[PDB]
$ cat final_4.cif   # mmCIF, C-alpha atoms
data_start
#
loop_
_atom_site.label_atom_id
_atom_site.label_comp_id
_atom_site.auth_asym_id
_atom_site.auth_seq_id
_atom_site.Cartn_x
_atom_site.Cartn_y
_atom_site.Cartn_z
CA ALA A 1 8.99 -3.27 -3.94
CA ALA A 2 6.92 -6.44 -3.57
CA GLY A 3 9.35 -7.73 -0.94
CA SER A 4 9.40 -4.41 0.92
CA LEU A 5 5.60 -4.18 1.03
CA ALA A 6 5.27 -7.80 2.16
CA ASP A 7 7.82 -7.22 4.92
CA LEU A 8 6.14 -4.00 6.10
CA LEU A 9 2.72 -5.67 6.23
CA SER A 10 4.07 -8.77 7.99
CA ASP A 11 5.72 -6.58 10.62
CA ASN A 12 2.99 -3.97 11.20
CA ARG A 13 -0.28 -5.89 10.75
CA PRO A 14 -1.11 -6.35 14.49
CA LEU A 15 -0.01 -2.82 15.38
CA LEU A 16 -2.11 -1.37 12.56
CA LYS A 17 -5.07 -3.48 13.73
CA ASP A 18 -4.76 -2.15 17.28
CA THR A 19 -4.30 1.41 16.00
CA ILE A 20 -7.46 1.05 13.89
CA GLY A 21 -9.42 -0.14 16.92
CA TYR A 22 -8.11 2.64 19.15
CA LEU A 23 -8.82 5.25 16.47
CA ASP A 24 -12.38 3.91 16.31
CA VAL A 25 -12.85 4.22 20.07
CA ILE A 26 -11.23 7.69 20.09
CA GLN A 27 -13.37 9.02 17.25
CA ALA A 28 -16.77 7.64 18.28
CA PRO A 29 -17.35 10.37 20.95
CA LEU A 30 -15.87 12.99 18.61
CA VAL A 31 -18.45 12.14 15.94
CA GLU A 32 -21.31 11.79 18.43
CA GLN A 33 -20.57 15.34 19.69
CA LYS A 34 -19.47 17.08 16.49
CA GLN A 35 -21.67 20.16 17.02
CA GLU A 36 -19.94 21.00 20.30
CA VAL A 37 -16.53 20.73 18.60
CA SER A 38 -17.60 23.02 15.76
CA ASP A 39 -19.17 25.53 18.16
CA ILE A 40 -16.12 25.75 20.43
CA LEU A 41 -13.81 26.09 17.41
CA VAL A 42 -15.96 28.99 16.17
CA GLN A 43 -16.06 30.48 19.68
CA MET A 44 -12.37 30.32 20.62
CA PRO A 45 -10.75 33.03 18.39
CA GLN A 46 -12.95 35.87 19.70
CA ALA A 47 -12.32 34.79 23.29
CA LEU A 48 -8.59 34.67 22.53
CA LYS A 49 -8.61 38.20 21.09
CA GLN B 1 25.26 -26.94 -28.87
CA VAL B 2 26.95 -30.05 -27.44
CA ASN B 3 29.01 -27.98 -24.98
CA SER B 4 25.77 -26.62 -23.47
CA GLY B 5 23.87 -29.91 -23.34
CA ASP B 6 23.56 -29.85 -19.55
CA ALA B 7 22.23 -26.29 -19.80
CA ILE B 8 19.64 -27.12 -22.44
CA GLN B 9 18.51 -30.18 -20.47
CA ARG B 10 18.14 -27.97 -17.39
CA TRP B 11 16.11 -25.28 -19.12
CA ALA B 12 14.00 -27.95 -20.85
CA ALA B 13 13.11 -29.46 -17.47
CA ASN B 14 12.46 -25.99 -16.02
CA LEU B 15 10.23 -25.04 -18.96
CA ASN B 16 8.33 -28.31 -18.51
CA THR B 17 7.78 -27.53 -14.82
CA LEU B 18 6.69 -23.92 -15.45
CA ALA B 19 4.37 -24.93 -18.29
CA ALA B 20 2.76 -27.68 -16.21
CA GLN B 21 2.18 -25.27 -13.33
CA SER B 22 0.67 -22.67 -15.67
CA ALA B 23 -1.56 -25.25 -17.39
CA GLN B 24 -2.89 -26.64 -14.11
CA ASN B 25 -3.96 -23.06 -13.24
CA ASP B 26 -5.53 -22.07 -16.55
CA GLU B 27 -8.81 -20.84 -15.04
CA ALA B 28 -6.92 -18.91 -12.35
CA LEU B 29 -4.87 -17.28 -15.12
CA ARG B 30 -8.03 -16.31 -17.02
CA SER B 31 -9.67 -14.83 -13.92
CA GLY B 32 -6.42 -13.05 -13.08
CA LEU B 33 -6.32 -11.32 -16.46
CA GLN B 34 -10.04 -10.50 -16.27
CA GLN B 35 -9.74 -8.91 -12.83
CA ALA B 36 -6.39 -7.30 -13.70
CA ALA B 37 -7.88 -5.33 -16.59
CA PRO B 38 -9.91 -2.84 -14.42
CA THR B 39 -8.08 -2.91 -11.07
CA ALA B 40 -5.16 -0.92 -12.48
CA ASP B 41 -7.69 1.61 -13.77
CA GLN B 42 -9.20 1.82 -10.28
CA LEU B 43 -5.76 2.33 -8.74
CA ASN B 44 -4.90 4.99 -11.32
CA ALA B 45 -8.18 6.80 -10.60
CA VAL B 46 -7.55 6.73 -6.84
CA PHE B 47 -3.97 7.95 -7.21
CA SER B 48 -4.86 10.68 -9.73
CA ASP B 49 -7.46 11.87 -7.22
CA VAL B 50 -4.79 12.22 -4.50
CA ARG B 51 -1.97 13.21 -6.89
CA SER C 1 19.20 -17.25 -41.51
CA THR C 2 20.40 -13.71 -40.74
CA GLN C 3 17.20 -13.17 -38.76
CA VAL C 4 17.85 -16.42 -36.87
CA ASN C 5 21.40 -15.35 -36.01
CA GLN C 6 20.34 -11.90 -34.83
CA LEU C 7 17.46 -13.46 -32.88
CA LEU C 8 19.81 -15.82 -31.03
CA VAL C 9 22.46 -13.20 -30.23
CA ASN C 10 19.91 -10.62 -29.05
CA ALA C 11 18.17 -13.29 -26.96
CA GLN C 12 21.52 -14.03 -25.33
CA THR C 13 22.09 -10.33 -24.61
CA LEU C 14 18.56 -9.84 -23.23
CA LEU C 15 18.72 -12.93 -21.02
CA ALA C 16 22.14 -11.91 -19.69
CA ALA C 17 20.87 -8.43 -18.84
CA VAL C 18 17.74 -9.85 -17.19
CA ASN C 19 19.46 -12.47 -15.02
CA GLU C 20 22.25 -10.10 -13.98
CA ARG C 21 19.83 -9.25 -11.15
CA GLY C 22 19.31 -12.93 -10.44
CA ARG C 23 18.91 -12.51 -6.68
CA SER C 24 15.78 -10.37 -7.10
CA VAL C 25 14.50 -12.21 -10.18
CA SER C 26 14.59 -15.59 -8.42
CA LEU C 27 12.60 -14.16 -5.49
CA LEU C 28 10.08 -12.26 -7.65
CA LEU C 29 7.41 -14.99 -7.52
CA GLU C 30 7.83 -15.69 -3.80
CA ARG C 31 7.68 -11.98 -2.97
CA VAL C 32 4.57 -11.40 -5.10
CA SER C 33 2.81 -14.37 -3.49
CA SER C 34 3.84 -13.16 -0.03
CA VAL C 35 2.61 -9.60 -0.61
CA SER C 36 -0.64 -11.01 -2.03
CA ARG C 37 -1.16 -13.08 1.12
CA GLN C 38 -0.28 -10.12 3.35
CA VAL C 39 -2.69 -7.74 1.61
CA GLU C 40 -5.46 -10.36 1.73
CA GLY C 41 -4.85 -10.93 5.44
CA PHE C 42 -4.72 -7.20 6.19
CA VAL C 43 -8.04 -6.58 4.45
CA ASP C 44 -9.67 -9.70 5.92
CA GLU C 45 -8.73 -9.05 9.55
CA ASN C 46 -9.89 -5.38 9.63
CA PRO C 47 -13.54 -5.46 8.53
CA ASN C 48 -14.28 -2.34 10.63
CA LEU C 49 -11.76 -0.21 8.71
CA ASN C 50 -14.51 1.37 6.59
CA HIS C 51 -16.44 2.51 9.68
CA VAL C 52 -13.29 4.10 11.11
CA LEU D 1 -0.78 -3.38 -20.36
CA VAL D 2 -2.16 0.10 -21.07
CA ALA D 3 -3.77 0.30 -17.62
CA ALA D 4 -0.45 -0.79 -16.10
CA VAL D 5 1.32 1.99 -18.03
CA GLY D 6 -1.08 4.58 -16.65
CA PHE D 7 -1.08 3.23 -13.09
CA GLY D 8 2.70 2.88 -12.98
CA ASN D 9 3.31 6.39 -14.28
CA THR D 10 0.80 7.98 -11.90
CA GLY D 11 1.99 6.07 -8.84
CA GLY D 12 5.61 6.73 -9.75
CA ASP D 13 5.07 10.48 -9.96
CA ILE D 14 3.11 10.43 -6.68
CA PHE D 15 5.86 8.51 -4.89
CA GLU D 16 8.65 10.64 -6.38
CA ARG D 17 6.98 13.78 -5.05
CA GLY D 18 5.87 12.36 -1.69
CA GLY D 19 8.41 9.75 -0.65
CA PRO D 20 11.24 11.84 0.83
CA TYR D 21 8.64 13.76 2.84
CA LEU D 22 7.17 10.57 4.33
CA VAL D 23 10.62 9.10 5.03
CA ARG D 24 11.96 12.14 6.86
CA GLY D 25 8.65 12.64 8.68
CA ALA D 26 8.72 9.08 9.99
CA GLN D 27 12.35 9.71 10.93
CA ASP D 28 11.51 12.86 12.91
CA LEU D 29 8.46 11.26 14.56
CA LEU D 30 10.53 8.80 16.64
CA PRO D 31 11.50 11.19 19.51
CA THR D 32 8.00 12.67 19.83
CA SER D 33 6.44 9.20 19.64
CA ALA D 34 8.66 8.10 22.53
CA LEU D 35 7.79 11.33 24.38
CA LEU D 36 4.05 10.75 24.05
CA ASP D 37 4.45 7.09 25.02
CA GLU D 38 6.32 8.01 28.21
CA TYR D 39 3.52 10.37 29.35
CA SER D 40 0.65 7.96 28.67
CA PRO D 41 -0.62 7.66 32.30
CA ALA D 42 -0.87 11.47 32.64
CA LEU D 43 -3.50 11.64 29.86
CA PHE D 44 -6.72 9.87 30.90
CA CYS D 45 -6.76 11.28 34.43
CA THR D 46 -5.72 14.74 33.22
CA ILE D 47 -8.55 14.85 30.66
CA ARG D 48 -11.04 13.53 33.23
CA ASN D 49 -10.01 16.09 35.85
CA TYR D 50 -10.07 19.00 33.39
CA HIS D 51 -13.51 17.82 32.23
CA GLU E 1 6.50 -21.41 -7.67
CA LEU E 2 4.03 -20.38 -10.39
CA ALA E 3 0.74 -21.98 -9.31
CA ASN E 4 0.70 -20.31 -5.89
CA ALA E 5 1.88 -17.03 -7.45
CA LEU E 6 -0.98 -17.03 -9.97
CA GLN E 7 -3.64 -18.00 -7.42
CA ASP E 8 -2.48 -15.43 -4.87
CA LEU E 9 -2.24 -12.76 -7.57
CA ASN E 10 -5.84 -13.50 -8.58
CA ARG E 11 -7.03 -13.32 -4.97
CA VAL E 12 -5.15 -10.10 -4.21
CA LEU E 13 -6.49 -8.49 -7.40
CA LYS E 14 -10.04 -9.36 -6.36
CA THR E 15 -9.44 -8.13 -2.80
CA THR E 16 -7.87 -4.88 -4.00
CA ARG E 17 -10.82 -4.32 -6.35
CA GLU E 18 -13.35 -4.78 -3.54
CA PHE E 19 -11.34 -2.70 -1.06
CA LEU E 20 -10.98 0.17 -3.53
CA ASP E 21 -14.67 0.06 -4.52
CA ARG E 22 -15.59 0.22 -0.83
CA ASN E 23 -13.08 2.72 0.65
CA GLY E 24 -11.68 4.89 -2.17
CA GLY E 25 -14.10 7.81 -2.06
CA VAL E 26 -13.90 8.20 1.71
CA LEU E 27 -10.12 7.74 1.76
CA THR E 28 -9.62 10.40 -0.92
CA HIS E 29 -12.03 12.72 0.91
CA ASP E 30 -10.06 12.31 4.15
CA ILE E 31 -6.77 13.00 2.36
CA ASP E 32 -8.18 16.13 0.70
CA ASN E 33 -9.61 17.51 3.95
CA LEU E 34 -6.38 16.78 5.85
CA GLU E 35 -4.38 18.56 3.15
CA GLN E 36 -6.67 21.59 3.26
CA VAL E 37 -6.60 21.96 7.05
CA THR E 38 -2.83 21.45 7.31
CA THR E 39 -2.18 23.93 4.49
CA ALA E 40 -4.48 26.38 6.28
CA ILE E 41 -2.63 26.05 9.60
CA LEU E 42 0.84 26.13 7.97
CA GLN E 43 0.44 29.54 6.29
CA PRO E 44 3.09 32.20 7.20
CA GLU E 45 1.18 33.89 10.02
CA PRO E 46 -0.12 30.59 11.51
CA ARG E 47 3.42 29.23 11.16
CA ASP E 48 5.02 32.01 13.21
CA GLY E 49 2.09 31.91 15.63
CA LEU E 50 2.67 28.21 16.30
#

$ encode --input "final_4.cif" --output "structure tokens"
Amino acid sequence: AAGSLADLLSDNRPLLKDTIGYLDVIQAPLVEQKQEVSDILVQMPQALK
Amino acid sequence: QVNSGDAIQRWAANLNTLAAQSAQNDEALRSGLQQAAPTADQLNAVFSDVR
Amino acid sequence: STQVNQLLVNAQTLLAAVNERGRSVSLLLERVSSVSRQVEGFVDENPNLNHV
Amino acid sequence: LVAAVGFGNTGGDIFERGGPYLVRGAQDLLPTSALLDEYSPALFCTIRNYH
Amino acid sequence: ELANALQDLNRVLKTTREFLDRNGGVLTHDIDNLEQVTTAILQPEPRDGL
């Protein structure tokens, strides 16, 4: 298990770093506009019906 | 005992090497035990939360 | 003396069972040091992980 | 030692229940990951134009 | 073999302790919320709807 974890980290450290950065940049507008997201999620089912 | 003399010489040298390495890192060993006491408790708490 | 004999024979049995998996046992220390270094590097190089 | 007992048991039960699921999920994610990677350029402009 | 192993074990124990103290509550909260939303959207009727 120690070897497997060390290998996984050594292989996926840069990709996980880039994924963390891109998740940050994706989620910053989502957080800054959370009220709009909540409102449209509340609004959609009645419109769909 | 005589038939294994090369074996006992080898494990004596290996024990000497291991003991010297452990003795030169006595403080690191102490700090390792001290920090190892609660980190497993932290990990158990985290896992039991997400169990 | 009986305790000494049983001690020696059980030590032989235990050591044989342990070093049967010699390939993994010999690499135990190297693997634990490597995973320690990898975890330390992963935590060190992503200081913005908490914000994410 | 006692903390290691607790941590090992808890982590072992967690992994026993949620290891096959992760393995087969990461197996089934390969085609859809390739699919989403192929249609990367049709994402930014599509979102911008719909906006 | 042993000196580096002990030193790196000490360092990784310290790093794991700090990382857990800093991120555990938020990580567990994220896992719980993800579980709740996915279980909500994988109910029978949402399943056949999807």

$ resolve_selection --input "final_4.cif" --expression "the PyMOL selection byres ((chain D and resi 2-16) around 9)" --output "CSV table (one decimal) with C-alpha atoms, in the coordinates of the input"
chain,number,residue,atom,x,y,z
B,36,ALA,CA,-6.4,-7.3,-13.7
B,37,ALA,CA,-7.9,-5.3,-16.6
B,38,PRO,CA,-9.9,-2.8,-14.4
B,39,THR,CA,-8.1,-2.9,-11.1
B,40,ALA,CA,-5.2,-0.9,-12.5
B,41,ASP,CA,-7.7,1.6,-13.8
B,42,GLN,CA,-9.2,1.8,-10.3
B,43,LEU,CA,-5.8,2.3,-8.7
B,44,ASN,CA,-4.9,5.0,-11.3
B,45,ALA,CA,-8.2,6.8,-10.6
B,47,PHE,CA,-4.0,8.0,-7.2
B,48,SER,CA,-4.9,10.7,-9.7
B,50,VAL,CA,-4.8,12.2,-4.5
B,51,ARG,CA,-2.0,13.2,-6.9
D,1,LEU,CA,-0.8,-3.4,-20.4
D,17,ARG,CA,7.0,13.8,-5.0
D,18,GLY,CA,5.9,12.4,-1.7
D,19,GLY,CA,8.4,9.8,-0.6
D,20,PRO,CA,11.2,11.8,0.8

$ resolve_selection --input "final_4.cif" --expression "the PyMOL selection byres ((chain B and resi 35) around 10)" --output "ChimeraX atom specification"
/B:29-34,36-40 /E:9-14,16-17

$ write_last_selection --input "final_4.cif" --atoms "C-alpha atoms" --output "JSON list (two decimals), keeping the file's coordinate frame"
[["chain", "number", "residue", "atom", "x", "y", "z"],
["B", 29, "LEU", "CA", -4.87, -17.28, -15.12],
["B", 30, "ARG", "CA", -8.03, -16.31, -17.02],
["B", 31, "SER", "CA", -9.67, -14.83, -13.92],
["B", 32, "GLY", "CA", -6.42, -13.05, -13.08],
["B", 33, "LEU", "CA", -6.32, -11.32, -16.46],
["B", 34, "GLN", "CA", -10.04, -10.50, -16.27],
["B", 36, "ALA", "CA", -6.39, -7.30, -13.70],
["B", 37, "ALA", "CA", -7.88, -5.33, -16.59],
["B", 38, "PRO", "CA", -9.91, -2.84, -14.42],
["B", 39, "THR", "CA", -8.08, -2.91, -11.07],
["B", 40, "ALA", "CA", -5.16, -0.92, -12.48],
["E", 9, "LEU", "CA", -2.24, -12.76, -7.57],
["E", 10, "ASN", "CA", -5.84, -13.50, -8.58],
["E", 11, "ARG", "CA", -7.03, -13.32, -4.97],
["E", 12, "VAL", "CA", -5.15, -10.10, -4.21],
["E", 13, "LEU", "CA", -6.49, -8.49, -7.40],
["E", 14, "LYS", "CA", -10.04, -9.36, -6.36],
["E", 16, "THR", "CA", -7.87, -4.88, -4.00],
["E", 17, "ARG", "CA", -10.82, -4.32, -6.35]]

$ closest_atom_pairs --input "final_4.cif" --of "chain C" --to "chain E" --cutoff "6 Å" --atoms "all atoms listed in the file" --output "JSON lines"
{"residue": "C:29", "atom": "CA", "partner": "E:5", "partner_atom": "CA", "distance": 5.9}
{"residue": "C:33", "atom": "CA", "partner": "E:5", "partner_atom": "CA", "distance": 4.9}
{"residue": "C:36", "atom": "CA", "partner": "E:12", "partner_atom": "CA", "distance": 5.1}
{"residue": "C:40", "atom": "CA", "partner": "E:12", "partner_atom": "CA", "distance": 6.0}

$ atom_distance --input "final_4.cif" --atom1 "CA of residue 23 (chain D)" --atom2 "CA of residue 39 (chain E)"
19.6 Å

$ atom_distance --input "final_4.cif" --atom1 "CA of residue 48 (chain A)" --atom2 "CA of residue 40 (chain E)"
18.7 Å

$ interface_residues --input "final_4.cif" --of "chain C" --to "chain A" --cutoff "6 Å" --atoms "only C-alpha atoms" --output "PyMOL selection string"
chain C and resi 31-32+34-35+52

$ atom_distance --input "final_4.cif" --atom1 "CA of residue 31 (chain E)" --atom2 "CA of residue 48 (chain C)"
19.0 Å

$ build_atoms --input "final_4.cif" --residues "region 9-29 of chain D" --atoms "N, CA and C atoms" --output "CSV table (one decimal), in the coordinates of the input"
chain,number,residue,atom,x,y,z
D,9,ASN,N,2.9,5.0,-14.2
D,9,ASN,CA,3.3,6.4,-14.3
D,9,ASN,C,2.7,7.3,-13.2
D,10,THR,N,1.4,7.1,-12.9
D,10,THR,CA,0.8,8.0,-11.9
D,10,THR,C,1.4,7.7,-10.5
D,11,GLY,N,1.4,6.4,-10.1
D,11,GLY,CA,2.0,6.1,-8.8
D,11,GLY,C,3.5,6.5,-8.7
D,12,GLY,N,4.2,6.3,-9.8
D,12,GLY,CA,5.6,6.7,-9.8
D,12,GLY,C,5.8,8.2,-9.5
D,13,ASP,N,5.0,9.0,-10.2
D,13,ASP,CA,5.1,10.5,-10.0
D,13,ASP,C,4.6,10.8,-8.5
D,14,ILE,N,3.6,10.2,-8.0
D,14,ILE,CA,3.1,10.4,-6.7
D,14,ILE,C,4.2,10.1,-5.7
D,15,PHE,N,4.8,8.9,-5.8
D,15,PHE,CA,5.9,8.5,-4.9
D,15,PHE,C,7.1,9.4,-5.0
D,16,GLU,N,7.5,9.8,-6.2
D,16,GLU,CA,8.6,10.6,-6.4
D,16,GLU,C,8.4,12.0,-5.7
D,17,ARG,N,7.2,12.5,-5.7
D,17,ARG,CA,7.0,13.8,-5.0
D,17,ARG,C,6.8,13.6,-3.5
D,18,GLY,N,6.2,12.5,-3.1
D,18,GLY,CA,5.9,12.4,-1.7
D,18,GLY,C,6.5,11.2,-1.0
D,19,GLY,N,7.7,10.8,-1.4
D,19,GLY,CA,8.4,9.8,-0.6
D,19,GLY,C,9.5,10.3,0.3
D,20,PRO,N,10.3,11.2,-0.1
D,20,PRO,CA,11.2,11.8,0.8
D,20,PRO,C,10.5,12.5,2.0
D,21,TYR,N,9.4,13.1,1.8
D,21,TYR,CA,8.6,13.8,2.8
D,21,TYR,C,8.2,12.7,3.9
D,22,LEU,N,7.6,11.6,3.4
D,22,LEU,CA,7.2,10.6,4.3
D,22,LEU,C,8.3,10.0,5.1
D,23,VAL,N,9.5,9.7,4.4
D,23,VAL,CA,10.6,9.1,5.0
D,23,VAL,C,11.2,10.0,6.1
D,24,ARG,N,11.4,11.3,5.8
D,24,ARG,CA,12.0,12.1,6.9
D,24,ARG,C,10.9,12.5,8.0
D,25,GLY,N,9.6,12.5,7.6
D,25,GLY,CA,8.6,12.6,8.7
D,25,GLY,C,8.6,11.5,9.6
D,26,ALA,N,8.6,10.2,9.1
D,26,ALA,CA,8.7,9.1,10.0
D,26,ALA,C,10.0,9.0,10.7
D,27,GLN,N,11.1,9.6,10.2
D,27,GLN,CA,12.4,9.7,10.9
D,27,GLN,C,12.2,10.7,12.1
D,28,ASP,N,11.6,11.8,11.9
D,28,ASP,CA,11.5,12.9,12.9
D,28,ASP,C,10.4,12.6,13.9
D,29,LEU,N,9.5,11.6,13.6
D,29,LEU,CA,8.5,11.3,14.6
D,29,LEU,C,8.9,10.3,15.7
